[PDB]
Amino acid sequence: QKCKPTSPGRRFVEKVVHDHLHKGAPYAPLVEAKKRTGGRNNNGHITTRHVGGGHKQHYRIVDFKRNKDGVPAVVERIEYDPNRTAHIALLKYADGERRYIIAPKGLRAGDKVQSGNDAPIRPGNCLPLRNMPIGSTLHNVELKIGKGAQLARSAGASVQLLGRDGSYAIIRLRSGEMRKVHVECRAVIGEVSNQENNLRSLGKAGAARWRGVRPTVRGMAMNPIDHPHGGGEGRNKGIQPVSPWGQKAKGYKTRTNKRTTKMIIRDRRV
RNA sequence: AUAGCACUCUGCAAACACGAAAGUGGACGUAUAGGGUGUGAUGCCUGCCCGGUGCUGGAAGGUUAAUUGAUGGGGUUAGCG
Ligand SMILES: [Mg+2]
Ligand SMILES: [Mg+2]
Ligand SMILES: [Mg+2]
Ligand SMILES: [Mg+2]
Ligand SMILES: [Mg+2]
Ligand code: NA
């Protein structure tokens, strides 16, 4: 979906149509307020730069735990969620309860989904990892028992269940890393719906300003008091590239955790 | 400064930043996501060099601190004079 260059701004704009969406107001009981922090903590200092000035957004409560076991539900509609890059689906259970989930690929209104041990192997069903079939592709993987999905939630993300022993299951993450997961944890069958997210193009600075991103200033343009890459009578790049606080930026590993080293089987060749 | 491009780090109690700690932002986000660095629409593209510094992976052949103290010598009483 390219835009005709009627203006210098409209020349390099690419968007996704996805006309199958709801195109309406979201479910009111499942919507709560949400405000912009501006990248500042309770002390008032800027802890994360390049954040501020976006569009007003409400928060849609997505049910990540899916603890309603053995109750079949039907898909009502697919909606647009500004809080994430994926699409959401509205489910209606037998008793009449309404909940929001992460819509897998191809899920449309009228589909039947269950979250239990005896659930069949269909896209959108949540099952423990031991009941999962070997070699399949999963999403919304759970790490701690009972907390809810924490992995493969972005648009188009998916993991593969390589193998499972008696006590653990081996999965390969999207980054290329193989790690161990408890066999009691749960996952969902299929891949996340929104797949054409990376194919979009903003086209102008206005879109980045709409999405709540502030301009980035290179360290070279700053003064010696501001950035280590400061000073010089012209365009100069004096020292090894570092962060504004003195940390190396090229090929320097920053992982320091020692508590969960046993889980990672093979690294992503970092 | 900018949309675009590339490199690199981060598997989530994430990397990173604030504080003396608790705690907070990142994010009520989950690698099509977040941070750092360089270049700057688009067309055609982007040659050689790992000697130096840096980073990454190893051997552990040489040395190496903290920790221990078999000895060796000295001082002073006591035994043989
Ligand atoms: Mg930034
Ligand atoms: Mg940029
Ligand atoms: Mg300085
Ligand atoms: Mg300089
Ligand atoms: Mg150019
Ligand atoms: Na070198």
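Taking packing as the residue-averaged number of other Cβ atoms within 10 angstrom, the listed peptides A:234-244, A:81-91, A:210-220, A:138-148 run from highest to lowest as A:81-91, A:138-148, A:210-220, A:234-244. With R₀ set to 35 Å, the beta-carbon distance separating A:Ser167 from A:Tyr93 gives a calculated FRET efficiency near 0.55. Distance between the pseudo-spin-label points of A:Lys35 and A:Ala207 (7 Å out from Cα toward the beta carbon): 3.1 nm. Indicate the gyration tensor shape class of region A:48-188 (rounded, prolate or oblate), computed on the Cα atoms with a ≥ b ≥ c the square roots of the eigenvalues: a/c under 1.5 is rounded; otherwise a/b larger than b/c is prolate and the rest oblate. Oblate, since a/c reaches 1.5 and b/c is not below a/b. Helical content alone sets the calculated 222 nm signal of chain A at -500 deg cm²/dmol, taking -39,500 (n - 2.57) per DSSP H segment of four or more residues and averaging over every residue. Residue separation of A:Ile145 and A:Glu76 scaled by 0.36 nm, minus their Cα-Cα distance, works out to 22.0 nm of gained length.
About its Cα centre, region A:112-270 has a charge dipole of approximately 340 debye under the convention of +1 per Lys or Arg Cβ and -1 per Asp or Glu Cβ, with nothing else charged.
Just want the ordering: A:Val13, A:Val188, from fewest to most Cβ atoms lying within 10 Å of their own Cβ.
Fewest-to-most Cβ neighbours within 10 Å comes out as A:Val13, A:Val188.
Where the only charges are on Cβ atoms (+1 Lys, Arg; -1 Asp, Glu), what is the dipole of chain A about its Cα centre, to the nearest 20 debye?
980 debye
Taking the convex hull of the alpha carbon atoms in region A:1-117, what volume per residue do you get, in Å³?
Values: hull volume 20.5 nm³, N = 117.
Enclosed volume per residue, from the Cα hull, is 175 Å³.
The rule of thumb for compact globular proteins, 2.2 N^0.38 Å, goes into the C-alpha radius of gyration of chain A 1.23 times.
Would you be so kind as to identify which of A:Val242, A:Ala187, A:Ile121 lies farthest towards the positive end of the dipole of chain A, taking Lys and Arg as +1 and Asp and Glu as -1 on Cβ and the Cα centre as origin? Checking the options against the dipole of chain A, the answer is A:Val242. Sorting A:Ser136, A:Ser175, A:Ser193 from the fewest to the most surrounding beta carbons within 10 angstrom yields A:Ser175, A:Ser136, A:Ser193. The calculated FRET efficiency for the pair A:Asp69 and A:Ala249, based on their C-beta separation and a Förster distance of 41 Å, comes to about 0.30. At an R0 of 41 angstrom, the distance between the Cβ atoms of A:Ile46 and A:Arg200 translates into a FRET efficiency of 0.90. Between A:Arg235 and A:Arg10, the distance separating the two model label sites (each 7 Å from Cα on the Cα→Cβ line) works out to 3.5 nm. Kirkwood hydrodynamic radius of region A:163-241, from the reciprocal of the average inverse Cα-Cα distance over all distinct pairs: 18.4 Å. Modelled spin-label separation between A:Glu177 and A:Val17, with each label point placed 7 Å from Cα along the Cα-to-Cβ direction: 4.0 nm.
All Cβ positions, even for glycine, are placed from backbone atoms using ideal geometry, and neighbour counts span all protein chains on display. Values quoted throughout were computed directly from the atomic coordinates according to the rules given, and no laboratory measurement underlies them.
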